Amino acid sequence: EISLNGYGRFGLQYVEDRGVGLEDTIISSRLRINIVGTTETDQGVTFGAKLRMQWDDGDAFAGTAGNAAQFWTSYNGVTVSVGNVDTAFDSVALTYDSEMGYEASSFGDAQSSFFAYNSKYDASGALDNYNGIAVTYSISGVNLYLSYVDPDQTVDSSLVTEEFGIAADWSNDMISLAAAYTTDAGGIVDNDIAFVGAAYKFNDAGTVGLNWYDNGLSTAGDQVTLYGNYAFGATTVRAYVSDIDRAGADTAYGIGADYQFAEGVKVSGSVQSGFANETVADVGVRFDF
């Protein structure tokens, strides 16, 4: 069986003083299509493969291609994936919950380098022999993630730096905890990164959270992001403040709102301020199909 799903999004993206001769505001858009092939068996083992075709405004050649494949096998809550896998640091819960706006961005997200599912081809040839193995296990409330990525599997191992990551999250109705650790993240020796986050659903409508990161070899240093959101019916308000160790850096912050127009149609906007005082704003829609 083969199924297609995806989303489209478009709106205005503003970055103050974007560049000399450049327009500060542009119409940023993305079309994403996922192609998923699945083979179910009566033994209870499911096999699957997926390909992604994603286009973003500004893409080279004004064209769209597929990325590298991901394959998996699931059985009893355990899933083993091979190829262009999802990594533990990128998969844990809470880590991206400060994001806002129609482009789901946040200066409060981790400021480190690490491997993650690649949505597109890479013209540089860097990903040509990139191959990962991932294992996930959902043990009611608790989720375990494990990933190993070999940036070039054809070359003798001792010559390449592989990334290994572990992550776990747990949640009940009002408290959520998450942690992750990755060594040689992004295939960079000694770029060991860590994450610890907690959230409290202090209501049926609101949640506040705190994420802490060890950004490894990043110039940002350690980071702390405090975020929260509150739902007033169909509209959700979001905000966050983030601080990094980098000497002289500013406190990043953002405020935004989401509006659930209909099932699968979300209108969002935000105004944010970065660590180097960058001012960014956006307003657009995302529709799922």
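Numbers for residues come from their place in the sequence shown, where the first is 1.
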Averaging the C-alpha temperature factors as deposited, the higher value of 62 to 70 versus 258 to 266 falls on 258 to 266
Out of 249 to 257 and 31 to 39, which one has CA B-factors that are higher on average in the deposited record? 249 to 257
Per the deposited B-factor column, the C-alpha that peaks among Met100, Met174, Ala116, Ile133 belongs to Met174
According to the deposited entry, which of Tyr75, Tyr121, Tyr148, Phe89 has the largest Cα B-factor? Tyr75
Sorting the chain's CA B-factors, does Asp243 end up in the lowest, middle or highest third? middle
Sorting the chain's CA B-factors, does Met53 end up in the lowest, middle or highest third? lowest
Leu12: which third of its chain by C-alpha temperature factor? lowest
Per the entry's values, where does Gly206 land by CA temperature factor relative to the rest of its chain, in the lowest, middle or highest third? highest
Using the temperature factors of the C-alpha atoms in this entry, rank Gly141 within its chain: lowest, middle or highest third. highest
